[PDB]
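This report concerns only the one structure given below.
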Amino acid sequence: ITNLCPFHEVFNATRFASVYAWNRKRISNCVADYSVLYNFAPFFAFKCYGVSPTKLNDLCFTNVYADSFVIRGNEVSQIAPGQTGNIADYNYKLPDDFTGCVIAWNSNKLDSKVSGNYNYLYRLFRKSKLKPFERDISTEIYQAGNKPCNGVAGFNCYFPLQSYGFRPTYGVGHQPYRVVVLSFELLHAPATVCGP
Amino acid sequence: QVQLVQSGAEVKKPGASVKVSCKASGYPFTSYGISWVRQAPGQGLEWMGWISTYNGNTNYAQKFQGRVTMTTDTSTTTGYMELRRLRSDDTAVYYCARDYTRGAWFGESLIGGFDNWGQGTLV
Amino acid sequence: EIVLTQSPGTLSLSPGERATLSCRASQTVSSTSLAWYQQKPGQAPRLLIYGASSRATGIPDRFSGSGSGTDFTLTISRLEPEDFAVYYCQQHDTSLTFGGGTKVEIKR
Ligand SMILES: *[C@@H]1O[C@H](CO[C@@H]2O[C@@H](C)[C@@H](O)[C@@H](O)[C@@H]2O)[C@@H](O[C@@H]2O[C@H](CO)[C@@H](O[C@@H]3O[C@H](CO)[C@@H](O)[C@H](O)[C@@H]3O)[C@H](O)[C@H]2NC(C)=O)[C@H](O)[C@H]1NC(C)=O
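Protein chains in written order, with PDB author numbering: chain A, 332 to 527; chain C, 1 to 123; chain B, 1 to 108.
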């Protein structure tokens, strides 16, 4: 096993997907080096839910799942097991038995237009709460009240995916924080990704 | 510490094919792609080729599409042009660089550029 | 494709003076996709800046970058006369296109 895991492709990027439709990257045979994760670029806390970054260079897993998006600063606390909210019920679900880490960092210089950013969409209203690790992208109108809308999208029928509306001149908190979550699985399976 | 070396200067006549080698050392030749660029005297650079190393995907420019094909030998960690259809006044220096703009595994755009350059070869 | 526009045709400056370089875009270029390159006589180009102002290799106190959206520039201060090199700027959003270039002279 001489390949090197491309962690320099998730953190190093320019076109992170939106929260309502994220990208799931699966890691295969390689050797991972966690030094650059915490030794260098300490923008925010490593926020490791299981085990610890200090002991992340000896144990190894089968596959690594990377999920990336951009969210609100005030919504950052919503990215944790056992919590619910406007993005933890219809947008992104974190299982209560989650293992791995979440990395958030400020992205003002990256995602900010003079008028603002509106390409990022998030779902607001939906029938029920999401199952863990499930994607529910769908273009449809919400039937609110007693009026069976047939695509009119008028009164009492609101489009769930709401434009986000970032800003480069507003105070902190609402400024975009880019979040990449790394998920692991330790099981009696043939080892595929292991560090030095 | 990173080292990039190539072959010596070559002289060719139109109608033949030119094979150019680029040896790389000092870094793992698996997590970075190879970018091959032209530089002709009196003008700037071009973007002939982008090649991955983990797989065989290429990103040949449409200007030279259908004429450029190059390979990678991971045993020696070398890039080979086997350029065909040589033309008279295409004499220019050739540069091989370790690219940090497109990932070698998944292929999305990166942030960066060309960080290590060879000595270039002349035909 | 996407083409870049440079109009510092020739800089007539003595060493140690302010140096401004322009890499104006055609229609739209993303903020987090750019590159700059030095070019010394009889050598190979090297990477200098890979974004807004992020340094790549050394950059002691002179090389800085700025800009936003569709315009971008590079700033040099206290120019010690060793460099006097050619400057290249590269875009990244649509395929890959180098800039025309810019010559820096001695100002005898
Ligand atoms: C995302 O990208 C940044 C920047 O990428 C850097 O520049 C490119 C043009 C390429 O040359 C990349 O290979 C290069 O990493 C990465 O941040 C940079 O990581 C390097 C690797 O450790 C850092 O180098 C160190 O710098 C310290 C400074 O004191 C030295 O003492 C060390 O000896 C070592 O050289 C570098 O500082 C750091 N920041 C920069 C260049 O601004 C980043 O790692 C990458 N993301 C991931 C996940 O790898």
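We put the beta carbon where it would ideally sit given N, CA and C, even for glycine.
For this session: Note the first and the last residue of the continuous alpha helix (DSSP H) segment covering A:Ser366.
Result: A:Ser366 -> alpha helix (DSSP H) spans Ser366 to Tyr369.
Exercise. Just to confirm, are C:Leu122 and C:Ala9 a CB contact at a threshold of 9 Å?
Worked result: Yes, these two residues count as a Cβ contact at 9 Å.
Problem set entry | Near-chain C residues of the stretch 368 to 382 of chain A - C-beta to any C-beta below 7 Å | Going along the stretch 368 to 382 of chain A in chain order, one finds no residue with a Cβ nearer than 7 Å to chain C.
Exercise. DSSP puts C:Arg98 in a beta bridge; with which residues?
Worked result: For C:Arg98, the pairing in a beta bridge is given by DSSP as C:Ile34 and C:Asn116.
Exercise. Touch check for the stretch 89 to 104 of chain C and the stretch 498 to 514 of chain A: three-plus C-beta pairs under 8 Å?
Worked result: Taking 8 Å as the limit for Cβ pairs, the verdict is that the stretch 498 to 514 of chain A does not touch the stretch 89 to 104 of chain C.
For this session: Answer with yes or no whether the minimum CB distance from A:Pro337 to chain C is below 9 Å.
Result: For A:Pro337, a Cβ of chain C is located within less than 9 Å of the residue's own Cβ.
Exercise. At a cut of 8 Å, does the stretch 459 to 479 of chain A reach the stretch 409 to 425 of chain A through at least three beta carbon pairs?
Worked result: Contact holds: three or more Cβ-Cβ distances are below 8 Å.
Problem set entry | Against chain B: residues of the stretch 64 to 89 of chain C by CB proximity under 9 Å | Answer set for the stretch 64 to 89 of chain C: empty.
For this session: Classify A:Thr385 as helix, strand or coil using the three-state DSSP reduction.
Result: The answer is helix: DSSP assigns A:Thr385 an H, G or I state.
Exercise. Do C:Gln6 and C:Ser25 have their C-beta atoms closer together than 9 Å?
Worked result: It is not a contact, given that the beta carbons lie outside the stated cut-off.
Exercise. So is the beta-carbon of C:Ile111 under 8 Å away from any non-hydrogen atom of ligand 1?
Worked result: Relative to the non-hydrogen atoms of ligand 1, the Cβ of C:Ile111 comes within a distance shorter than 8 Å of at least one.
Exercise. Rounded to a whole number of angstroms, what is the C-alpha to C-alpha distance between B:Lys107 and B:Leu11?
Worked result: B:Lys107 and B:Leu11 have their C-alpha atoms roughly 9 Å apart.
For this session: Return no unless some Cβ of chain B is closer than 9 Å to the Cβ of A:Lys440.
Result: Yes, A:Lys440 lies at the interface with chain B (some Cβ there is under 9 Å from its Cβ).
For this session: Give the straight-line distance between the Cα atoms of A:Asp427 and A:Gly381, rounded to the nearest whole angstrom.
Result: A:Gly381 has its alpha-carbon roughly 12 Å from the corresponding atom of A:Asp427.
Exercise. Taking just the CA atoms, how far does B:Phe98 sit from B:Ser22?
Worked result: A straight line joining the alpha-carbon of B:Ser22 with that of B:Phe98 spans about 13 Å.
Exercise. Who are the near neighbours of A:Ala348 in its chain, counting only those whose CB is closer than 7 Å to its CB and skipping five residues on each side?
Worked result: Short of 7 Å from the beta carbon of A:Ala348, and not among the five residues preceding or following it, lie these beta carbons of its own chain, in chain order: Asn354, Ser399 and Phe400.
Exercise. Can you tell which of C:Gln119, C:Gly118, C:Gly103 and C:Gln65 has its C-alpha closest to the C-alpha of C:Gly112?
Worked result: Between C:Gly112 and the set C:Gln119, C:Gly118, C:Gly103 and C:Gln65, the nearest pair of CA atoms involves C:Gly103.
Problem set entry | Own chain, CB closer than 7 Å to residue 127 of chain C, minus 5 neighbours either side, in chain order | Only positions 1 to 123 of chain C appear in the structure, and residue 127 of chain C is not among them; the question remains open.
Problem set entry | Counted within 10 angstroms of its Cβ, other Cβ atoms place A:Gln474 as buried (16 or more) or exposed | Label assigned to A:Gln474: exposed.
Exercise. Taking the C-alpha atoms as reference points, what is the distance between C:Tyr80 and A:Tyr449?
Worked result: So the two alpha carbons sit approximately 45 Å from each other.
Exercise. Going by beta carbon distance, what residues of the same chain come within less than 6 Å of A:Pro499, once the five residues before and after it are set aside?
Worked result: If the five residues before and after A:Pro499 are omitted, its C-beta is found closer than 6 Å to the C-beta atoms of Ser443, all from its own chain and listed in chain order.
For this session: Using only alpha-carbon positions, find the residue among A:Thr333, A:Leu335, A:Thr345 and A:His339 that is nearest to A:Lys440.
Result: Nearest C-alpha to A:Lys440: A:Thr345.
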